[PDB]
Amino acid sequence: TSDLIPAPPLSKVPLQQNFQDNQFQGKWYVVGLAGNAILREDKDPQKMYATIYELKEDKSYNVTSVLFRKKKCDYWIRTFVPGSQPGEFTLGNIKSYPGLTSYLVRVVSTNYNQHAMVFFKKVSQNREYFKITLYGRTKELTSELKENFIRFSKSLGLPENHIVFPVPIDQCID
């Protein structure tokens, strides 16, 4: 049993015009995170983590997320393969994730050198999940950018308790 806010139609999710794959590379901090399986937890608030994008020769990204958990740095590695238009991706080797039948990434907006918003949708054990990340090249972003992220998240049907701003840390992600 679970109950989820439905994924929005893709028509409600903009795509960054003229996406530049080379400029999107490098480290991004997760300054904001929202989704139908994301919940604000005041007892142990979510810690900031980072995601590093590297273009391979074949123009897919190697994507590495690094998180501080149980006193250690944990690394999650995957491959984003260019999809139907620039700024969209599917997940490489999807078969090695049990139960995962669908995975889509769309870069919603970015100026490359400070901030981005990225939309993700997956189907896992037949359940449809989605999330939006607010990425920063630094660990803080302006109020304006955070409010825009909240506005965008709500437009996709998410209430405030499904929107979190992970707390900056120094372990692992420096």
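A residue's number is simply how far along the shown sequence it sits, counting from 1.
Of the two stretches examined, 114-122 and 43-51, the record assigns the greater average C-alpha temperature factor to 43-51. Averaged over their C-alpha atoms, the temperature factors of 34-42 and 104-112 are higher for 34-42.
Per the PDB entry, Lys56 shows the highest C-alpha temperature factor of the residues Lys139, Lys56, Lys27, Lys131.
Among the modelled residues of the chain, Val81 sits in the middle third by CA temperature factor in this PDB entry. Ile94: CA B factor lies in the highest third for its chain, per the PDB record. Residue-level temperature factors show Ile150 in the middle third of its chain, judged at the C-alpha atom. For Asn62, the recorded CA B-factor ranks within the middle third of the chain. Only modelled residues enter the ranking. Sorting the modelled residues of the chain by their CA temperature factor places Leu15 in the middle third.
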